[PDB]
Structures are given as C-alpha cells and as structure tokens.
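The primary structure of each chain is shown beneath.
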Amino acid sequence: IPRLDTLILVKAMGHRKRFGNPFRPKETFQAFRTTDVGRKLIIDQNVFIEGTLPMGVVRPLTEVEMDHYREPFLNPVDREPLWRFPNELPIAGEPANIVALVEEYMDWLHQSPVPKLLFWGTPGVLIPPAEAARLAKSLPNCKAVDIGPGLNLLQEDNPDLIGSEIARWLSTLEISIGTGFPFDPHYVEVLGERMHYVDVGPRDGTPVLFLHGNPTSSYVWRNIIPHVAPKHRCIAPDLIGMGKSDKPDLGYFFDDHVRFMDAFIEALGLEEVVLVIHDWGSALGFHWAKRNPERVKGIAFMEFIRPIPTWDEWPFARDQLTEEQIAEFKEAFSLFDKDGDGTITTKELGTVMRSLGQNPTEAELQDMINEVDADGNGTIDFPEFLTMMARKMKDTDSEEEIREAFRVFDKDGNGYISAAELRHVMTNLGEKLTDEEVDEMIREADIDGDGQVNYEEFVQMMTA
Ligand SMILES: CCCCCCOCCOCCNC(=O)c1ccc(C(=O)O)c(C2=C3C=CC(=[N+]4CC(F)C4)C=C3[Si](C)(C)c3cc(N4CC(F)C4)ccc32)c1
Ligand SMILES: [Ca+2]
Ligand SMILES: [Ca+2]
Ligand SMILES: [Ca+2]
Ligand SMILES: [Ca+2]
Ligand SMILES: [Cl-]
C-alpha cells in the first residue's frame, strides 16, 4: 500500500503521457558535469557561450559584445576550457582537490589582514546577497559595495560603479557601457606558450592585476580598467586557452591554470600587486595570495569561487515551485479531495485506494496521512501536499521509490505493466489517455517489444 507521493508521481507520469521521471528539473550545471552530455552541450553546441554567458548578465549583451566573447571559441576544438571549468567547480564536495584548495584559501582569507573590497549584486549567481553580507562581516578589513542588479558578470551590469570604487579604494591603500577594446595587445612567453595581456597605466608603482574567469577574457575588464589606469599600472591577462592567448593541448584543469598564472606573474617580474578578481580568476588569485601573502597589498573581488555545499541552492535550483507546477499539484490534490472541501481525509484516500484495486485498513490510511500531515489534525491540506511534493520532486530517484512506483502501475503484481493495467491505473488517478497515447507510452519503454513494461524497462525510463 503506497505512499501518497508515489501516487502523485504516477499521476504526473500519465499527465505527461510517458514513462520516466516527470519532475526532472533540467538543472543545467549538472548536465555540464555529466559525462558525454556536458561535452555535447558546451563543446559541440557551444551552450556556455550562447546560453550561459548571456544568462550571467542582467542587461542584454549586444551583438558586438557577444562577438568579442565568441571569438576565441569559434572552432569547436578550442572549447576544452569552457567545459573543464564547470567540471572543476567545487559543488557538493566534488572535485575533492578543488574543494580542499578553495577551503584553504577561504580560511587564509578569514585570518588575513589584507584589505578587501567585495562587490556583489542581486540576485547574484555564485555569491547571493545573503552570502555577500555574511562575508562583509566575517572577513577582516572588508568593504562591500552593492552594484544593484547583477548575476555573474557584474562588470557588464555596472562597470562605472565597480571601476570608480576600485579607484577610490586604491588610494586608501599603502602602495605607490562601451563595447570597444582599445588596448594594445602584449604577449609574454609562459611555459613555452604566449599569453596575451593588457598592460596600461604608469610603469612605476604597485600594479593592479585583473583576473577573469569562465567564459570570458580580459575583455570583461574593458570598462573597469580606464578608471584605474590614470593612477596605477593595470595588467589584465587572458588565461591560457582563453581570449587571445595560445591554446596548447591541455586538459585545462585548475592546476594547469595555476601553473600558467604563476609563470605569468614571474615572467612579468611582478613583486607586490593588488588583485582584482572574478569567478575562476578569483580562485587563481586567492590561491596565489595564500601562497604569496607578503606580495598582496589588496584584493578586490566579486562573484568568486567558494565551496557550494549542495546542489539544492540559490545558483542551481530555487525554493519556489512554478505556477504551472502548483496548478498541476492542485489538480492532483483534487483527485483526492473529491468533495472539494480543501482537506483530504482517510475516507477519501480509501476511495482512491479501493478504486486502484487495493483494500487498505483504517490504520493503513491513517498512516498514509501521518506521512504527510504536518500539524497533527489528521487530514491533509494543500500546503502540506505541496510540502510533500517539493520534497518528492528532488529525489524520485531511490530505487525503493522506483519499485514502489512500478508496483502501482503493475496492479496484479506479476512484474509486467500491461496496457490494461495502465489504463485502469491512469483513469483512477484522473488521467484520460486515448488508445494511441497508451500504446505510445508503452511502446517508448518496451524495449523487448512484448507490448508490456517490465521492471528493467521501467527502471531504464526512470533513470535515463
Ligand atoms: C563560474 C560560473 C559563472 C557562469 C556565469 C553564468 O552563470 C549564471 C547562469 O547560470 C545558469 C546557466 N543556465 C544555462 O546555461 C541555460 C539554462 C536554460 C536554458 C534553456 O534551455 O532555456 C539555456 C539555453 C539558452 C538560454 C538562453 C539563451 N539566450 C538568452 C540570449 F539572448 C541567448 C540561449 C540558450 Si541556447 C538556444 C544556446 C540553449 C540550448 C540548449 N540545448 C539543449 C540542446 F538541445 C541545445 C539548452 C539550453 C539553452 C541555458
Ligand atoms: Ca475532502
Ligand atoms: Ca493536517
Ligand atoms: Ca501486471
Ligand atoms: Ca517489454
Ligand atoms: Cl565555470
């Protein structure tokens, strides 16, 4: 005798007219990180440049801008860094090496006196406003500046404020929207390759080194550097494999970029520097700062890498069901609440359970309610129903959960879902499938072609 949530899942499968997980959220960075899929998206279809990048800017990028970002990646074979980077992000404790190194620099950062300037935007991507506020407290000598609306490339939403702020914070330290890229291209020899960098401003003094992330280049700093360059040397390199730098055949792991950026800094002869860093540029910068803390006179940062403990969070899912989701959940609630009073009782659950062929006792039905009732009055109202389904939607994925869903379809328990069973189960859960839809739902899953759906075949649809 199943859980209520299992019946709502089975109902949502018949609403889609297909076997398979009906709630899978698309998710997106998870696909970037799954073998074969991620590569088809970022390498073959260029999704990181064409979808992801524009979605990191509140204002629309103009075509002229899009073309600057696209340029290094025109050839599909040159896209390895775009795909390796998101597979290096420290999420849910993986990869372990990058999580460790990132935690060690965040620790160093919490104990370091180095002056800090944190830019943040609403709603952010890597650094939600709640996280921005917590850091502006906990990190020493940290000034936080609100840029207004902002996702990831805060530079592209409010360059004038970021630039002017950096120019101001720079004079408090002890140290000596355009689409064009004026800057003269410089190159330097690094580990047998040539890396491109912008190098403007006076020759003397403490330089300001700007570090971009994925999928950008020194281009992202174009409207910030003119605020700083009157007073300080501005060095803005293009990461190896990126912008106008050479593209050796590398796997483009964080540790490759660590080596190229260390050798960049040494090939320039740089001593003490101010860092201005963003996204993977922030991981490089902070990791370098931790290793060379006497050489760093200040860090300005934004939208930086920190460990993201779980996939359930303010970048990768919201806590906010859509309106269509609520409406579909309202129809599911109505199937149970047959009298329309807004509460599901044991009798009502018994009515549905007897219509599916089963014969639950009172105590079984009470317990089915005890699984969902969040206040103790012994009936289910729609907000508890939605609580139940918000959770069901994250993991329809157990194995136990899959077997339990299979059981509701396989009404006689013989290990096969027949066409007759499908129609009876869908009708009694209020889905009204035509013959062509029933045959087609079965046909999609029925790999051996016996007209039935066995366990292995159902598991294959549910985990695809
Ligand atoms: C270090 C980390 C920093 C990174 C900074 C940015 O991160 C912040 C945002 O992160 C969320 C990322 N979120 C997505 O990438 C996303 C999600 C959903 C979709 C979707 O399918 O709707 C999209 C999306 C597109 C989305 C927007 C597009 N424009 C808006 C511009 F005008 C062009 C284009 C595509 Si599209 C036509 C090239 C595209 C194609 C696509 N394919 C599946 C396969 F059949 C081809 C899938 C999704 C899209 C993309
Ligand atoms: Ca009722
Ligand atoms: Ca209740
Ligand atoms: Ca059966
Ligand atoms: Ca079969
Ligand atoms: Cl990334």
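1. Section: the overall build of the protein chain
Regarding its fold elements, the protein chain presents 21 helices and 12 strands. A burial count over the protein chain gives 54% of its 464 residues as buried. As presented, the protein chain carries roughly 20,400 Å² of accessible surface, and 51% of it is formed by carbon and sulfur atoms.

2. Concerning the packing of aromatic side chains
Counted under the stated rule, the structure contains 25 aromatic pairs. Consider the rings of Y105 and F286, whose centres lie 5.3 Å apart with planes at 35 degrees: the pair is tilted. For the pair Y105 and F286, one class covers both residues: buried. The ring of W83 has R39 sitting right over it, with the charged end atom 4.6 Å from the ring centre.

3. Points about the site of ligand 1
Lining the immediate surroundings of ligand 1 are 15 residues, of which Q45, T52, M55, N152 and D279 lie closest. The side chain of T52 places a nitrogen or oxygen atom 2.7 Å from an oxygen atom of ligand 1. By residue class, the composition of the shell around ligand 1 is 6 nonpolar, 6 polar and 3 charged.

4. Focus: the sheet that holds strand β3 (residues 186–190)
Spatial strand order, β2-β1-β8-β7-β5-β6-β4-β3: 8 strands in an open sheet with mixed pairing. The open sheet is flanked by β2 (142–150) and β3, the only strands paired with a single partner. Along the sheet, successive strands turn relative to each other by an average axial angle of 20 degrees, direction set aside. For β3 and strand β4 (residues 193–200), the ladder comprises 5 bridges, and the chain directions are antiparallel. Residue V188 lies in a different strand from β4, and its bridge partner there is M195. Relative to the sheet, helix α8 (residues 129–138) contacts β1 (116–123), β2 and β8 (296–304), its axis offset from that of β1 by approximately 160 degrees. Relative to strand β7 (residues 273–279), helix α13 (residues 280–291) is tilted by about 145 degrees, and along the sheet it contacts β5 (208–211), β7 and β8.

5. Observations concerning the pairing of strand β6 (residues 234–237)
Side chains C234 and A236 of β6 all project onto a buried face; the interleaved residues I235 and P237 project onto the opposite face, where all are buried too. Sheet topology note: the β4/β6 ladder contains 4 bridges and is antiparallel. Paired with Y197 across the strands is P237, a residue of β6.

6. Some thoughts on the coordination of the calcium ion (ligand 4)
Surrounding the calcium ion (ligand 4) are the protein donor atoms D410 (OD), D412 (OD), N414 (OD1), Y416 (O), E421 (OE) and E421 (OE), which sit 2.2 to 2.6 Å from the metal. If you look at the calcium ion (ligand 4), its 6 donor atoms make angles of 51 to 162 degrees with each other, and the shape they trace is irregular. Mapping the donors of the calcium ion (ligand 4) onto the primary sequence gives the spacing D-x1-D-x1-N-x1-Y-x4-E.

7. Quick look at the packing of helix α1 (residues 4–16) against helix α18 (residues 400–409)
Two elements in contact, α1 and α18, have axes separated by 10 Å at closest approach and are oriented at 65 degrees. With respect to α18, the axis of α1 lies roughly perpendicular. Crossing of α1 over α18 shows right-handed handedness. Contacts from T6, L7, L9, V10 and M13 of α1 reach α18 at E404, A405, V408 and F409. Split by residue class, the contact of α1 with α18 holds 7 nonpolar, 1 polar and 1 charged.

8. A short note on the coordination of the calcium ion (ligand 2)
Coordination of the calcium ion (ligand 2) by the protein is provided by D337 (OD), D339 (OD), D341 (OD), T343 (O), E348 (OE) and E348 (OE), with metal-donor distances spanning 2.3 to 2.5 Å. Counting residues between consecutive donors of the calcium ion (ligand 2) along the chain gives the motif D-x1-D-x1-D-x1-T-x4-E. A residue is classified by how much of its surface remains accessible, and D341, at 46% relative accessible area, is partly exposed.

9. Side note on helix α16 (residues 362–370)
Within α16, the full set of buried residues consists of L365, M368 and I369. Along the long axis of α16, the arc covered by the buried residues comes to 100 degrees, so they all point the same way. Buried residues along α16 sit against α1, β9 (343–344), α15 (346–355) and β10 (380–381).

10. Re the pairing of β7
Of all 7 residues in β7, 7 are buried, a share of seventy percent or more. Bridge count between β5 and β7: 4 bridges; the pairing is parallel. From the neighbouring strand, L211 faces β7, where its bridge partner is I277. Note on the crossover from β7 through α13 to β8: the handedness is right-handed.

11. Looking at the side chain of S282
For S282, the position within the fold is in helix α13. Residue classification places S282 among the buried positions, given a relative accessible area of 0%. Excluding residues within four positions of it along the chain, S282 makes contact with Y105, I277, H287, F304 and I305.

Definitions and cut-offs
Residues numbered from 1 in each chain as written, not as in the entry; some residues may be left out. Chains lettered and ligands numbered in written order. Heavy atoms only, no water. Helix = DSSP H or I, 4+ residues; strand = E, 2+ residues; numbered from the N terminus. Buried < 20%, exposed > 50% of the residue type's maximum accessible area, 1.4 Å probe, protein only. Areas by Shrake-Rupley, 256 points an atom, 1.4 Å probe, with all protein chains shown as cover. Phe/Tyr/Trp six-rings, centres within 6.5 Å; stacked < 30°, edge-to-face > 60°. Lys NZ or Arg CZ within 6 Å of the ring centre and 35° of its normal. Near = heavy atom within 4 Å. Polar contact = N/O pair within 3.5 Å; in protein donor to acceptor, adjacent residues only side chain to side chain. Nonpolar A, V, L, I, M, F, W, Y, C, P; charged D, E, K, R; others polar. Pairing = 2+ DSSP bridges. Axes fitted to C-alpha atoms, helices over the stretch in contact; angles between N-to-C directions. Contact = heavy atoms within 4.5 Å. Donors = N, O, S within 2.8 Å, 3.2 Å for Na, K, Ca; no water. Tetrahedral: all angles 85-135°; square planar, octahedral: opposite > 155°, others 65-115°. Parallel < 35°, antiparallel > 145°, perpendicular 65-115°, else oblique. Left-handed = near helix turned anticlockwise from the far one by under 90°. Arc of directions from axis to C-beta. Right-handed = clockwise from strand over helix to strand, strands pointing away.

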